[PDB]
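A.B. asks: Pasting an experimental structure with its sequence.
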Amino acid sequence: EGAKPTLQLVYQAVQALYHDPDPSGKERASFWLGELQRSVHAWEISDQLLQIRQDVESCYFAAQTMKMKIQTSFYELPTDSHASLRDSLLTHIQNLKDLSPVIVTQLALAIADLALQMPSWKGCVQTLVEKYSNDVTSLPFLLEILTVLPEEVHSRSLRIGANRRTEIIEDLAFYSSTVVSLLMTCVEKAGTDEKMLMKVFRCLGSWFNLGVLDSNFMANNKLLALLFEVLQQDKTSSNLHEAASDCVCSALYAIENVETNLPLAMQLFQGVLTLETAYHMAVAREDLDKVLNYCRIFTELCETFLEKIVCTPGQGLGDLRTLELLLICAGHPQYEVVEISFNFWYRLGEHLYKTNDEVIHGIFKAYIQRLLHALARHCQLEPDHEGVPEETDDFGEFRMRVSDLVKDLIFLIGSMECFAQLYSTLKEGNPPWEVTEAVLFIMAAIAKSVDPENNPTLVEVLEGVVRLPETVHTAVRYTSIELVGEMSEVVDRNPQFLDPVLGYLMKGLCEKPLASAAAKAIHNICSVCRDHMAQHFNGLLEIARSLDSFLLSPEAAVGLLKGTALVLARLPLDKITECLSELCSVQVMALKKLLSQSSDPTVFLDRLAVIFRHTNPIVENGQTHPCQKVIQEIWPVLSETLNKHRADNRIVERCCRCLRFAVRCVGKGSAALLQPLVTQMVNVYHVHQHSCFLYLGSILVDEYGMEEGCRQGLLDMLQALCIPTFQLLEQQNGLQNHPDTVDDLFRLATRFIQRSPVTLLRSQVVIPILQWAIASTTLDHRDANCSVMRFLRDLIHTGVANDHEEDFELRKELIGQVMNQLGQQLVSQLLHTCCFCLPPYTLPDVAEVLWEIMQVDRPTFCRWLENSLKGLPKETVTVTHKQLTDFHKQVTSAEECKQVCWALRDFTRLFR
Amino acid sequence: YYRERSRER
Ligand SMILES: [Mg+2]
Ligand SMILES: [Mg+2]
């Protein structure tokens, strides 16, 4: 025998899962039931719970458990028992077909997943239909099985091979005639049952999505006529409407090429056009369910025929009546309707942009302005709105979505023509405030893209904005400020408007809800007009000093400092270093105050960061850098602040971020900070392993790696930082638990291998780094994997790069040692992670590493790759001999790195 | 969110 859980124990656990008075008692039962599902005991327990049929809770748990075991643990079943499990599942769904629909889907999903993994069940669709089609009570669950079976063909949670999946799809296509014939019988029998038609529609759309239905046979098929028949009738409920809408969208989306499926395309095209009457009927009854459904059908129709709309507009399947349907939907007062079609308008603009033909553009010009006219009305705030427009709720994100869409479609109208059009509608009619606000919002979207040569109509709009009194609505003042920020180029070309614009932005800067928008606009004027801004610099510094007392958001304050730093860099070298110590002291003194106290230096660290980041003056003739002097004044308080909050990863992160831009700004200068910073970095990293010290070290190596006097100190820093790093990675699941450490470690190693490779390759710490690099390729992490692959790529490239250099033969020899001891292991680990461990996003990075290995020694790579292919688990025909052979041929006989990537895509696809 | 790195080259 053996220890097994008993039926009484699981029934008591299932009851406790739903009905335990102690709320912690049901999470205690949930944990144990989860342990049961992942155990070998779950097979028999689920079967017996489904045979007893005690209640809905126990039967649902058993059905879900059966599904999970079949899709995750099918190897636990002996092949001898596959047929017994199928018969049991078919028996269970028969007995429980009326107990609960949610139980039936789980059993249907189990039957589907079982068939997909049981090739001995040949023609399962045929056996299922000619066993249950004659019983009207068995049709509901028969359709459920036939609905979820195509869905599970591409289930990520199943991991069937690409070769097996091709067998499945062409076997399901062979029986597509019988499932279509079953659906026609399902509408002849009980065709008035609304629930029956929904099951017929969901099954039809599922087989459309799989792409196995006959196009010409479905074109002349009554199922498609019934589909549009119910979408015309007003009496159809919301459930049947959604089922029919999804199926029409599935049929339209199933047409990937309009000429191959021309008879079907014409039938669908004619069908949706007849739904316009039903659309207006749905709008009159305020049935927002159907309205959104029709807009999805309309949007998908234009998506399916987007090629014909652009190629032959106004003729045949390019008939512009399709766009007229979308413009009708754009007229609906609810903005949730028009935003359904926003993706199509992007594609239309993208395709119209490709065809560099202004004659084709002119065909659609009217349709875009007609759409833009509707989008401007949707952006209108309510007439009783209080303050500035929201930018974080549903209506705020919609306005930002419209702003991006108008920027991408404005070329079809002409930015200059559309800008003056919106501005002319503002003078006449005495518009309400919410209308003037929305029109100003659209104008701000296209202001950056209008040619600033036609000054008259442009410079007079800017002139009218600064003359706005404070009596105007807050939202109108808010949007007008952002418009000025977008018109920074018209100010640079007409410099006489600088003072009126700066003055107007000053007033909004001194108001609370306009402070952020005014700081953003001031920043835009600073970066664009930084030439003739030396006069207004003194005023900017005054704002930079008393910056903290302005009710500015952290982003607005940083952006305001960025603008002041840009105009400062254009000043003479004397005035730069003079004003820089002042602007930093107001942040330095505040940092000293925090050392005598909540005390959160994040704000003042970020303010020092943005100052160093954008203070890049033209230093020539061997002059001293103005920021170097300020770095030595700033260093002690930074080191003091860093040592206090050394345990807080967030504050340390902002400290190193400020130190990053400080070193970047000065460059090889400020070498005095090398010894005290590196010393503090190693000491703090010994107790608290913040990965940002590895990144900060990479900046030092990137900035001082080429100077021979620093290569030893940097190598000592690397050997020092690697001791606590390896202990962090040697822990169980250390790679998965510390991915940021893996990321920043090979950022440091990459900067080392490209600034001083001979120093690293001839050291002792390069051996553990190489071993961790090969081990880190298994880590499923976007930033970590990109950093590791980049290191391996540049490490191997060292034996090829700069063949003109004096030390080329030494690098070639040093890389040959790495190739001999680790070359075969690297190719095998790279092939292993691509097929089993990593998602497809890593393939271009892996391909670049494989490409570099072929550059160093191509014939030896052919041998290493042939070995890794032979010793590869060719099982999920998982990998045929021709597929192994073609892969080795495509990689080794590749002339570009792209060919290695394409070979990885095809080969790696076989394992998922 | 507070962690910021430099982009690729
Ligand atoms: Mg040289
Ligand atoms: Mg040299």
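C.D. replies: Yep, it's here. Residues are numbered from 1 along each chain as shown, chains lettered A, B, ... in the order given. Ligands and ions are numbered 1, 2, ... in the order given.
A.B. asks: C-alpha only now, for contacts and for neighbours.
C.D. replies: Noted.
A.B. asks: Could you measure from the residue of chain B most remote from its centre over to chain A?
C.D. replies: The centre of chain B is farthest from one residue, residue B:9, which by Cα atoms, centre = their mean lies 12.2 Å away. For residue B:9, the distance to chain A equals 11 Å [Cα to the nearest Cα, to the nearest Å].
A.B. asks: Now the stretch 251-400 of chain A against chain B: closest residue?
C.D. replies: residue A:392 (17.9 Å; Cα to the nearest Cα).
A.B. asks: what's the burial count for that residue?
C.D. replies: When counting by other Cα atoms under 10 Å in any protein chain shown, one arrives at 10 neighbours for residue A:392.
A.B. asks: try the one 5 residues further on
C.D. replies: When neighbours are defined as other Cα under 10 Å, residue A:397 has 13 of them.
A.B. asks: Chain A contacts on chain B?
C.D. replies: When proximity is defined as Cα under 8 Å from any Cα of the partner chain, chain B approaches chain A at B:2-4.
A.B. asks: could you dump those residues to a markdown table with secondary structure and neighbour count?
C.D. replies: Output for the residues of chain B next to chain A, formatted as a markdown table (DSSP: H, G, I helix; E, B strand; the rest coil; neighbours: other Cα atoms under 10 Å in any protein chain shown):
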| residue | secondary structure | neighbour count |
| --- | --- | --- |
| B:2 | coil | 11 |
| B:3 | coil | 11 |
| B:4 | coil | 10 |
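A.B. asks: Now flag whichever of those is closest to residue A:818.
C.D. replies: Top of the list for closeness to residue A:818, among those and by Cα to Cα, is residue B:4 at 32.7 Å.
A.B. asks: List the residues that contact that closest one.
C.D. replies: With contact taken as Cα atoms under 8 Å, 6 or more residues apart in numbering or on different chains, residue B:4 is in contact with residue A:657.
A.B. asks: distance of it from residue A:657?
C.D. replies: Residue B:4 is 8 Å from residue A:657, where distance means Cα to Cα, to the nearest Å.
A.B. asks: So what touches stretch A:239-248?
C.D. replies: By Cα under 8 Å, 6+ apart, the residues outside stretch A:239-248 that reach it are A:194-195, A:197-198, A:201-202, A:204-206, A:227-228, A:230-231, A:268, A:290, A:293-294, A:296-297.
A.B. asks: And stretch A:484-503, by the same measure?
C.D. replies: A:444-445, A:447-448, A:452, A:455, A:458-459, A:462-463, A:465-466, A:520-522, A:524-525, A:528-529, A:532.
A.B. asks: Counting neighbours, what do you get for residue A:358?
C.D. replies: Quick note: residue A:358 (other Cα under 10 Å) scores 12 neighbours.
A.B. asks: could you measure it against residue A:453, distance?
C.D. replies: From residue A:358 over to residue A:453 the distance is 21 Å, taken as Cα to Cα.
A.B. asks: again, but for residue A:133
C.D. replies: 74 Å.
A.B. asks: If you count surrounding residues, which of the two has more?
C.D. replies: Each of residue A:133 and residue A:453 has its neighbours counted (other Cα under 10 Å); residue A:133 has more, 18 against 10.
A.B. asks: what number of residues lie near the residue lying closest to the more buried one once chain neighbours are set aside?
C.D. replies: Nearest residue to residue A:133 in three dimensions, chain neighbours excluded: residue A:139, at 6.1 Å (Cα to Cα, 6 or more residues apart in numbering or on different chains). Neighbourhood size, residue A:139 [other Cα under 10 Å]: 21.
A.B. asks: Can you tell me the SS state at residue 8?
C.D. replies: Defaulting to chain A. Following DSSP: H, G, I helix; E, B strand; the rest coil, we place residue A:8 in the helix state.
A.B. asks: wrong chain, I was asking about chain B
C.D. replies: Under three-state DSSP, residue B:8 falls in the coil class.
A.B. asks: show me the contacts for it.
C.D. replies: Applying Cα under 8 Å, 6+ apart, no residues contact residue B:8.
A.B. asks: Just the buried ones among the contacts of stretch A:239-248, please.
C.D. replies: In terms of neighbour count (16 or more other Cα atoms under 10 Å in any protein chain shown), the buried residues within those are A:197-198, A:201-202, A:204-206, A:227-228, A:230-231, A:268, A:290, A:293-294, A:296-297.
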